[PDB]
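First the structure, in the form of structure tokens, and then the observations on it.
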Amino acid sequence: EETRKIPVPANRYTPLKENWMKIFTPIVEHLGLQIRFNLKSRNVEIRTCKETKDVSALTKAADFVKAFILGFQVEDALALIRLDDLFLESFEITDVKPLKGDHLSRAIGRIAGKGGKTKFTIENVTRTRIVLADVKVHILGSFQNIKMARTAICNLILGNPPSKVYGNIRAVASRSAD
Amino acid sequence: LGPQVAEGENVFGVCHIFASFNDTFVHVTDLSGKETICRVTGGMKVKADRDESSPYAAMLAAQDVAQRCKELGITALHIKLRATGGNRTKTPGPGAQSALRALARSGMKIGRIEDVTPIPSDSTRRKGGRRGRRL
Amino acid sequence: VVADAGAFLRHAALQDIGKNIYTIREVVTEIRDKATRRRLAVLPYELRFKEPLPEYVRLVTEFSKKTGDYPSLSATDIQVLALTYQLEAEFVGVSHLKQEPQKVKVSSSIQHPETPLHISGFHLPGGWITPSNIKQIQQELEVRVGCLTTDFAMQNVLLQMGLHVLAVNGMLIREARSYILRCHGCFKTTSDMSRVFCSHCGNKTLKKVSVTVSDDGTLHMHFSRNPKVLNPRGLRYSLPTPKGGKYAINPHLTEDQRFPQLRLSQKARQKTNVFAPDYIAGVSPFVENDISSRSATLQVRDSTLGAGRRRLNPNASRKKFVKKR
Amino acid sequence: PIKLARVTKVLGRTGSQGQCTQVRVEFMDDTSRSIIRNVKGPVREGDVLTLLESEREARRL
Amino acid sequence: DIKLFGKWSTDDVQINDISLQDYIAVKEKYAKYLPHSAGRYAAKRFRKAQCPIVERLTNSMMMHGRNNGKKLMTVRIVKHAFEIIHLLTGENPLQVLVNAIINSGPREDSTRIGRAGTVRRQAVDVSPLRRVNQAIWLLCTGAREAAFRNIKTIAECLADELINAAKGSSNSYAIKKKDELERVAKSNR
Ligand SMILES: [Zn+2]
């Protein structure tokens, strides 16, 4: 029996505690994996028991809990539980353009937009989920959808206004046999 | 052909899964890492440069390596994930995840999942200019 | 063997263990969940409805005001408690029961009220959630008449009297530990964990205090001797002038002040469920967001959202380019 | 090889002009293999299909 | 016992394909004396599946504009075609009709997906009701172009088309059109 341990930061302890039943129930019910949260090591531990139905379910659960810790909602990583062709690609915001200080903050703003609206628009077009950590961007979706979302985000964080980005991603989504 | 091990104990290799931003390498080596066992790229399974970094090529690569390691007697693998690192991005891509899952399906016991990406302490200059990178 | 709403809400298939299955009509008519109402139309009908005469209701009321749980219970809870009291009086001798319950003793520790003890998954230094423990992790598990109650306040007053209680498990419960909220202004305790304003003085001042009740009838309260709990750090700050209209959001100073109606649209408040049998037919893995409604432009958010933002003290430094809604 | 089918649930009307019906399919081979398929024409709950080839899956996701 | 045209038995009719069994409505309660019934059959969706299949063949025989209202002519042509079928084959002509409908209807067909301009077609399955309808339509159309300018009466040509489709040979218009449609659908996928 093998196990996987994944860490949790201090800012994700309370979301883990509130959503704990919605996390451990799908892992143990139909995947059949033991789960605990070590408070000393601050780790979510997932284990294979005799009740595990099939191999690689523990990898599925590990991706689910890792996606929840990175900042995604519990149902958007339950999508990683159910679907097979889903991945979790992430990058830093300074990876494409060296931005210092206030400029960097403005880049973060034009991933969000007003009220988060711009971000949601990309999530509507690329069919992905984007999480903005403090200087990090995480995309959950299919491989081509991750490519479209990262193209939109990289276009946003090197200077393009949101309307041009919307038009470009709508043209690409029309061309992508969606 | 392989180690003379009883059925209870497993033979451990170290699988370096390096997902560059153009293809993916599956490099099973010794515990020392000096003597290799198997390696298939994203490019030796799909005949297109467009789909070189695709998760399809990575998963086919992982099945090929898993079959080869079953042939040579290695039954379990430690995992050392990698991105390009240095000035470049540090997170292993979806191809590395696809290869890891595909070798997890293919009867392999998994050991330790550990990320060795060459994070610089204090890097040199980025390959792109001041204007930016990646469209 | 009386059944509360928590028995049918948690799907207690416990009609076999008992024979005096008595329920009120208001405990079975107030249930809004469709699955258990469908279950009630399928379940074997051995339950019978019975209404209590009100001398027992009167007596349950005067010691409910003495046990400190009268604001915590509701009227139908009083009806169920009077029902089990009057059947214990009707079948069993009444002299077994003591009235005017005992005094609570104080024993405080240095543990924070937010320490995650007695949570099934969490483990300090083994505590594992396994497929063989899911049906058993409900609560702390320990002859003719009984109860099927999960609400703590009824259990607290009921073991203060001395009737044996049971749950959807088989064996009866001797010890009940849980949490209550205590006001540190007026020292009135509430068993309702959802509320944030106390009923007596109306201030936003309830704090968690742990309680343990024995089968003998002893209540004892564990306080926290931690100065972090009673620290007045982010409590005084400048408030804006009161504003009215359709879009004003006031800083929520009282429990019953009239807020303007700002609801999320139904497209905005749909979360995707992934285990639906028709989920795979969908064109997208996730529910489409709301970007077109007027509630999206007004930045209306759910009530449960942004809880840790409210917990930061207002006299502190946020990041330079952010605005806190 | 040709294998006959079953209808479990009618899912919706898709297509360019709304001419195809997306529908769930159960198998007559005593298996619980349900596949989503697109059909042309009117179908209802209680129909029996004739799949010329059954390895094909419709537009899932 | 109920006999079509007073002579033709209906209990000998057997359905080979069970997917079309619940729609080819000929067997027991749906057998009538005459193809003419004039019942409200298009009032509600799927009600035409309850219709006797000889009435369906009659109703799809008046399609062309100069014969667009004459039904007694179509039922006497159906009677004559059944006579021709019975003297040629020797079997029950109802069985020949059912076999022709079974062997005539296409099982999969191409369709257009996307928007206006998408010139690639996806192959989809064909509904059993649509399969029966298109089989009847193709059989009647084969009877039409089989007898436009020739000495042969259309009853004889309808009987010939029905027999050629029941035998499955590559002489019926319906069989050729079904083969073309299935080949196009297999090429598209
Ligand atoms: Zn108070």
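Here are some notes:
- Of the listed requirements (1) within 14 Å of chain A (Cβ to nearest Cβ); (2) of a type in the set (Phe, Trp, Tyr); (3) within 16 Å of the ligand (Cβ to nearest atom), C:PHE122 misses just one: (3).
- Some residue of segment C:33-40 being farther than 20 Å from C:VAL165 by Cβ and touching a strand residue (DSSP E or B) at 6+ places or on another chain (Cβ under 7 Å): no
- Residue tally, condition within 28 Å of C:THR304 (Cα to Cα), of a type outside the set (A, V, I, L, M) and at the interface with chain C (Cβ under 9 Å from one of its Cβ atoms), over segment A:14-55: 13
- Hits in segment E:39-60 (condition: small (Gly, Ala, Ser) and out of contact with any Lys or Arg (no Cβ under 8 Å at 6 or more places or on another chain)): E:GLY39, E:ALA43, E:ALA49, E:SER60
- Of the residues making up segment C:209-225, those that are part of a loop (DSSP other than H, G, I, E, B) and of a type in the set (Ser, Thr, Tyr) are C:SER214, C:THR218.
- Among the residues of segment E:109-161, those that are under 28 Å from D:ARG6 (Cα atoms), in contact with a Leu (Cβ under 8 Å, 6 or more places away or on another chain) and of a type in the set (D, E, K, R) comprise E:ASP109, E:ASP125, E:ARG131.
Matching residues to (1) among the hydroxyl-bearing types (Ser, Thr, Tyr); (2) crowded, with 20+ Cβ neighbours inside 10 Å; (3) closer than 26 Å to D:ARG44 by Cβ:
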site	(1), (2), (3)
E:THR89	yes, no, no
E:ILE101	no, yes, yes
E:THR141	yes, no, no
E:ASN171	no, no, no
E:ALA185	no, yes, yes
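- Filtered by the rule that a residue be more than 17 Å from the chain's Cα centre (by Cα) and surrounded by 15 or more Cβ atoms within 10 Å (Cβ to Cβ), segment C:185-202 gives C:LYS188, C:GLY202.
- Filtering segment B:99-125 to residues that are of a type outside the set (A, V, I, L, M, F, W, C), closer than 15 Å to A:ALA62 by Cβ and more than 7 Å from every other protein chain (Cβ to nearest Cβ) leaves B:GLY111, B:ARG112, B:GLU114, B:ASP115.
- Verdict on A:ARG106 being surrounded by fewer than 17 Cβ atoms within 10 Å (Cβ to Cβ) and either farther than 16 Å from C:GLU288 by Cα or touching a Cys at 6+ places or on another chain (Cβ under 7 Å) (or both): yes
- Tally of residues being surrounded by fewer than 21 Cβ atoms within 10 Å (Cβ to Cβ) and in a helix (DSSP H, G or I) across segment B:51-100: 9
- Listed here are the helices (runs of 4 or more DSSP H) enclosed by segment E:81-189 that have at least 3 residues being under 26 Å from D:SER54 (Cβ atoms): E:93-104, E:128-145, E:173-188.
- C:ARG144 being more than 16 Å from the ligand (Cβ to nearest atom) and basic (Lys, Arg): yes
- As a summary of the residue check, C:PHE8 satisfies the conditions (1) closer than 30 Å to C:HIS220 by Cα; (2) in contact with a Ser or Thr (Cβ under 8 Å, 6 or more places away or on another chain); (3) of a type outside the set (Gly, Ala, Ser) except for the one numbered (1).
- Cβ separations smaller than 7 Å between residues 6+ apart or across chains give the following pairs from segment C:166-186 residues that are under 30 Å from C:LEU14 (Cβ atoms) to residues that are within 16 Å of the ligand (Cβ to nearest atom) and of a type in the set (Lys, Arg): C:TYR179/C:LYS208.
- For segment C:125-158, a tally of residues being of a type in the set (A, V, I, L, M, F, W, C) and surrounded by fewer than 18 Cβ atoms within 10 Å (Cβ to Cβ) returns 5.
- Selection status of E:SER9, farther than 26 Å from E:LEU87 by Cβ and polar (S, T, N, Q): no
- Segment C:151-176, residues that are small (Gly, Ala, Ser) and either in contact with a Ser or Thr (Cβ under 8 Å, 6 or more places away or on another chain) or within 16 Å of the ligand (Cβ to nearest atom) (or both): C:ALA153, C:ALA167, C:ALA176
- Unmet criterion (only one of (1) of a type in the set (A, V, I, L, M); (2) closer than 22 Å to B:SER54 by Cα; (3) not in a helix (DSSP H, G or I)) for A:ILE153: (3)
- Filter result for the condition that a residue is within 13 Å of another protein chain (Cβ to nearest Cβ), buried (at least 18 other Cβ atoms within 10 Å of the Cβ) and assigned to a loop (DSSP other than H, G, I, E, B), over B:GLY42, B:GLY128: B:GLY42
- Enumeration of residues in segment D:25-55 that are more than 7 Å from every other protein chain (Cβ to nearest Cβ) and crowded, with 18+ Cβ neighbours inside 10 Å: D:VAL25, D:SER54
- Subset tally (residues that are facing chain A (nearest Cβ under 7 Å) and part of a loop (DSSP other than H, G, I, E, B)) for segment C:127-141: 5
- Checking each residue in segment C:177-208 for being more than 8 Å from the ligand (Cβ to nearest atom), within 14 Å of C:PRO71 (Cα to Cα) and not in a loop (DSSP other than H, G, I, E, B) picks out C:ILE180, C:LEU181, C:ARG182, C:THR189, C:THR190.
- A:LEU83 vs. criteria within 7 Å of another protein chain (Cβ to nearest Cβ), within 30 Å of A:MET148 (Cβ to Cβ) and under 16 Å from the mean Cα position of the chain (by Cα): yes
- On inspection, C:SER95 passes the criterion of being more than 24 Å from the chain's Cα centre (by Cα), among the small types (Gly, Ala, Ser) and farther than 29 Å from C:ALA13 by Cα.
- A residue that is at the interface with another protein chain (Cβ under 7 Å from one of its Cβ atoms), within 13 Å of the chain's Cα centre (by Cα) and not aromatic (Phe, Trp, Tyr) occurs nowhere in segment A:96-115.
Only the coordinates and a few stated rules stand behind these numbers; no lab work does. FYI the Cβ positions are ideal-geometry reconstructions off the backbone, even for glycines, and counts take in every protein chain you see.
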